[PDB]
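Student: When you get a sec, could you give me coordinates for this:
(8 chains)
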Amino acid sequence: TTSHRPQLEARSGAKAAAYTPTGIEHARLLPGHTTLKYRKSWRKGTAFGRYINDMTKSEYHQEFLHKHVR
Amino acid sequence: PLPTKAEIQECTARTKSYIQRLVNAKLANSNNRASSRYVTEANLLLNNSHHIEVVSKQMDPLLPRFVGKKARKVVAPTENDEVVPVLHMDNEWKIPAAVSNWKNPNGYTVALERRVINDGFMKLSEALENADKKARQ
Amino acid sequence: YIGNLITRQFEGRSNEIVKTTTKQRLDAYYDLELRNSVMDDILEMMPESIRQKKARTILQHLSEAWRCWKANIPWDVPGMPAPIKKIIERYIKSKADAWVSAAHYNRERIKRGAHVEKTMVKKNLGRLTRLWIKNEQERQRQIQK
Amino acid sequence: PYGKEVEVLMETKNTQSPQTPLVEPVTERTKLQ
Amino acid sequence: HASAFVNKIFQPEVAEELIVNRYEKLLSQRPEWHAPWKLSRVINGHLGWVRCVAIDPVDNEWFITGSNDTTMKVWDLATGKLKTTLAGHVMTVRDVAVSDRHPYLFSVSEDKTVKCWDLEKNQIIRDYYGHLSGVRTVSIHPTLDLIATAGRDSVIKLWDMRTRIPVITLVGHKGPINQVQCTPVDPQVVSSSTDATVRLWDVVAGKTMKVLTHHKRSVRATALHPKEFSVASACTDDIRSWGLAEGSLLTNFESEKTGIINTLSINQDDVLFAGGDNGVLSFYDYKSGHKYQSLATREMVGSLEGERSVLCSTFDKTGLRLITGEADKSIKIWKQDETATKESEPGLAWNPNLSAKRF
Amino acid sequence: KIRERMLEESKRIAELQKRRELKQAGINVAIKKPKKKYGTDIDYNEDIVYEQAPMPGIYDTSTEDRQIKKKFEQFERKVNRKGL
Amino acid sequence: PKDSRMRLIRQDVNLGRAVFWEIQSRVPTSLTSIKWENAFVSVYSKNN
RNA sequence: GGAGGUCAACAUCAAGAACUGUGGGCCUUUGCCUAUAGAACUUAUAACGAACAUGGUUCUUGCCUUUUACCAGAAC
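Tutor: Residues are numbered from 1 along each chain as shown, chains lettered A, B, ... in the order given. Now the structure:
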């Protein structure tokens, strides 16, 4: 309780601008791609013998779910 | 009008020079020795007249450089006197309060009143009753 | 490595540390930006100034509407204005589409044999049970109709 | 659903190869090497 | 005439100051004719909302669009076919921008990242780091190898493109920034946040040239005009046009009772699109302000009622073709309807309203 | 938190009780301050901590400044002698 | 293996698919759903 | 002047089989054609190094409680 907040702001980038920086070198800021490119009978005995834009209401979801529930 | 072909060039050159000065300073303050192969390349008069010669010093490679540098937390005084005006011009939307049946964070006791055929059926059963009477006959 | 260690010795830690969005904090960041996206579109519909205490009470309908979506309970609010109910119904259909797609993708990776956590398989079973019983209820409803 | 003139087309596959580039490189000198 | 009758009797100190003069001039002013639009083809193929679209600024053969299923797609313009797909963000792609000087696709996303795609090999080259929350905006500088990005961070970052260093950070606003436009002369970055301001930045000095405070709510969409050196800023029903290098108010657009305006676009020959959150897409003359067509997007087969809203739009390079992406996860192309003349499809007949006192 | 606020309250009362007894005895123990939990933790009687000046305008505020300064100095003296 | 399994010759393919056609037609769809995707037919003859 | 240096600085080292300079003509400088002078080092079962390590990003896998630390193929 009361440690569970909906964030209702954000950390302003201006708030950390007057800080004095440190100078640790990061593994993802080493030189890489230094160059820039440029553009220029027997059948008779039987009694019976003769995209909708919603994902859950589709046929893909129904074939998935009819496969995985057995 | 569109801005003329000369002002595009003057603006591009002046701002390109500024961005290159900032990039050279950021690559020259780094601890990587490899960054200084990517940079692309005094006297001042202290009074009415004194003629000094500003020289730099050669520092020890092992002792820390920028010995004042440190990680600090700073607040900035937001200071202005430009007042700027806000130049504007000159029952249906009441949203009810939210009562949920899952969560009750402050643990209140909300009012208990608040929280909480087709014809084919008949035709099928009619045909089955007719089938029953037919089989008995 | 030793350059970073010794500069942490002489110079503290950088206070400016930001957090990369990884697998660990993705289901939280989706929530933060979903609710910002909803609250902007609802603040623009109002003819008044909302003054800001009301906003965090408006978003409780978004949370309740998502809980009603998961449980397949229809979510009618009796005295709700019409375009605000339309906005909430729009953003919940968005969240549910991403939810259903993620359930399908993770079940395919569970079938194929890919590496997967224990918690991810429990989460995927809990997602698919909702999807199955929702299909079952709609099948019962279309039979009765 | 939109009448005769307005055509709809569902699209799920890549007609171009995923390797085939979008902006094509300019080759100055013909290399026989 | 009538204004002589008013001016000789009432005697304003400035004739421009009085409201009957400023209303008689608009009736005598007579705007230009433009042709009505229509729907041409509709393209399905995303798995979420179409948040953003960009066009090839050179060859005009393909248009790319990012989306809410975290993938971008390059579609053929002329036939509508899907050429290729690009993944590499984990949350949704907010804005795409293709460079005209180098073969680079700078994409921006909600997972706090900014990426640079090569279009010669279709891979990610450069990642950028520094935004505290999810960026929603990329512009590319016309002549200086920069990127300007912005998000919920409340600042604008002007990235060097080679060393990927956040070189200049513009600290002015009081909320998330919705749009950033780059400009080659000294109002070089023009931004628009959700605190109802639009700012014109001096990027060399670091401060603001001029703050424009005329809008009442969040400014969600802006646009640069290709042949004019002026900007257009949209609000919840308030579309205005502004001059750069001074900051004037050049014209107010009669844009009332249209809802939340998500996107804007400007054709070469003074057309202004303004797609809204209520599914209504309305076309304006640029120099006048007259709204000459309104349309409604019929959404889809089993869609909802709330699911029709134009979230993004652009024009073709030749300019005769409008590309919108709506909230019903679909891409719709609009066409100038070449048949109609000035007598066949006139417009909405230009009756400016002295009431609402905005004209 | 309820329990800790009540206990800190009664702890302050005892801390003032002993000072009033020593004041009756004639030995004036000044009040010790709470200690800082970190190096730049801020004491709030030393300075106005983020003092923003009201950006003066066209009108003149010398005599009203003097009248306020008189009133505040007189209030502080009255609390010193008589005790609020 | 390919030598082992049913060798798809026109007469036997037509025969097996025909027998499934008849058996599918003998039962209504509303009772059960018999589909070709779920079936397997195997013909022994002079070619298999 | 001559030999030498476990001395320094500055150029240069992977490309239509590939270099620079000069004169003349054509276009209007760049570029094309034509005549001429020089080219050290590296390179064709292709490269300075008859030697051979590690780091980043994105794919595809392997160990499988999660992240570092990892398994081993590809592209940049």
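
Student: can you give me the helices for chain B?
Tutor: For chain B, the helices defined by DSSP state H cover B:5-28, B:112-115, B:119-136.

Student: nope, chain G is what I was after
Tutor: Listed in chain order, the helices of chain G (DSSP H) span G:10-25.

Student: from it, which residue is nearest to chain C?
Tutor: Nearest residue of chain G to chain C (C-beta to the nearest C-beta) works out as residue G:30 at 11.4 Å. All C-beta spots, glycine's among them, are computed from the backbone N, C-alpha and C.

Student: Chain A too?
Tutor: Taking C-beta to the nearest C-beta as the measure, chain A has residue A:22 as its residue closest to chain C, at 4.1 Å.

Student: show me the contacts for that residue.
Tutor: B:69, B:70, B:71, C:7, C:11, C:12, C:13, C:14 (C-beta atoms under 8 Å, 6 or more residues apart in numbering or on different chains).

Student: Distance-wise, check it relative to residue E:36.
Tutor: Residue A:22 sits 60 Å away from residue E:36, going by C-beta to C-beta, to the nearest Å.

Student: Show the backbone phi and psi for the residue in chain A positioned nearest to chain F.
Tutor: Going by C-beta to the nearest C-beta, chain F is nearest to residue A:2 of chain A, at 9.5 Å. Per-residue torsions, residue A:2: phi 60, psi 20 (degrees, to the nearest 10).

Student: burial measure for it, as a count.
Tutor: 7 (other C-beta atoms under 10 Å in any protein chain shown).

Student: residues in chain C within reach of chain E, list them.
Tutor: By the rule C-beta under 8 Å from any C-beta of the partner chain, the part of chain C lying against chain E is C:18, C:20-21, C:26, C:29-30, C:32-33, C:36, C:40-41, C:43-45, C:86-87, C:89-90, C:93-94, C:97-98, C:101.

Student: can you tell me which of those residues are up against chain A?
Tutor: By C-beta under 8 Å from any C-beta, the members of those lying near chain A are C:32, C:97, C:101.

Student: which residue ranges form the helices in chain F?
Tutor: Using DSSP H, helices in chain F cover F:2-25, F:62-81.

Student: hmm, the longest one in reach of chain A?
Tutor: If I follow you right, that is helix F:2-25. No - using C-beta under 8 Å from any C-beta, helix F:2-25 never reaches chain A; the gap is at least 12.7 Å.

Student: From the contact counts, what lies against that helix?
Tutor: Applying 3 or more C-beta pairs under 8 Å, 6 or more residues apart in numbering or on different chains; DSSP states H and E, one finds that helix F:2-25 makes contact with no other helix or strand.

Student: My guess is residue E:272 contacts residue E:255. True?
Tutor: No - taking C-beta atoms under 8 Å as the definition, residue E:272 is not a contact partner of residue E:255, at 9.7 Å.

Student: Which neighbours do the two have in common?
Tutor: Residues touching both residue E:272 and residue E:255 by C-beta under 8 Å, 6+ apart: E:239, E:284.

Student: So for the two, which residue has more residues nearby?
Tutor: When neighbours are counted by other C-beta under 10 Å, residue E:272 and residue E:255 differ, and residue E:272 comes out ahead with 24 against 21.

Student: Contact partners for that one?
Tutor: With contacts defined as C-beta under 8 Å, 6+ apart, residue E:272 is in contact with E:223, E:232, E:239, E:253, E:264, E:265, E:266, E:283, E:284, E:285, E:286.

Student: Likewise for residue E:115?
Tutor: E:88, E:89, E:106, E:107, E:108, E:109, E:124, E:126, E:127, E:128.

Student: what's the distance between the most centrally placed residue in chain D and residue E:312?
Tutor: Centrality entry for chain D: nearest residue to the mean C-alpha point is residue D:16, 4.9 Å, by C-alpha atoms, centre = their mean. Distance from residue D:16 to residue E:312, counting by C-beta to C-beta: 23 Å.

Student: What is the neighbour count of the residue nearest to residue E:269 when sequence neighbours are not counted?
Tutor: Taking C-beta to C-beta, 6 or more residues apart in numbering or on different chains, and ignoring the residues beside it in sequence, residue E:269 has residue E:319 as its nearest neighbour in space, at 7.0 Å. Using other C-beta under 10 Å, the number of residues around residue E:319 comes to 16.

Student: burial of residue 37, as a residue count?
Tutor: You didn't pick a chain, so chain A it is. When neighbours are counted by other C-beta under 10 Å, residue A:37 comes out with 17.

Student: I was thinking of chain E, sorry if that wasn't clear
Tutor: Residue E:37, neighbours per other C-beta under 10 Å, totals 19.

Student: for residue E:161, same thing?
Tutor: Using other C-beta under 10 Å, residue E:161 has 21 other residues around it.

Student: Quick check, it in contact with residue A:37.
Tutor: No - shown here, residue E:161 and residue A:37 do not form a contact pair, counting by C-beta under 8 Å, at 10.9 Å.

Student: mind listing what residue A:21 touches?
Tutor: Neighbour list for residue A:21: B:71, C:14, C:16 [criterion: C-beta under 8 Å, 6+ apart].

Student: quick one: the most far-flung residue of chain G relative to its centre and chain A, what's the gap?
Tutor: Relative to the C-alpha centroid of chain G, counting by C-alpha atoms, centre = their mean, residue G:30 is the outermost residue, at 21.9 Å. Note on residue G:30: its distance to chain A, by C-beta to the nearest C-beta, to the nearest Å, is 11 Å.

Student: Could you do residue E:5 as well?
Tutor: Separation of residue E:5 from chain A (C-beta to the nearest C-beta): 56 Å.
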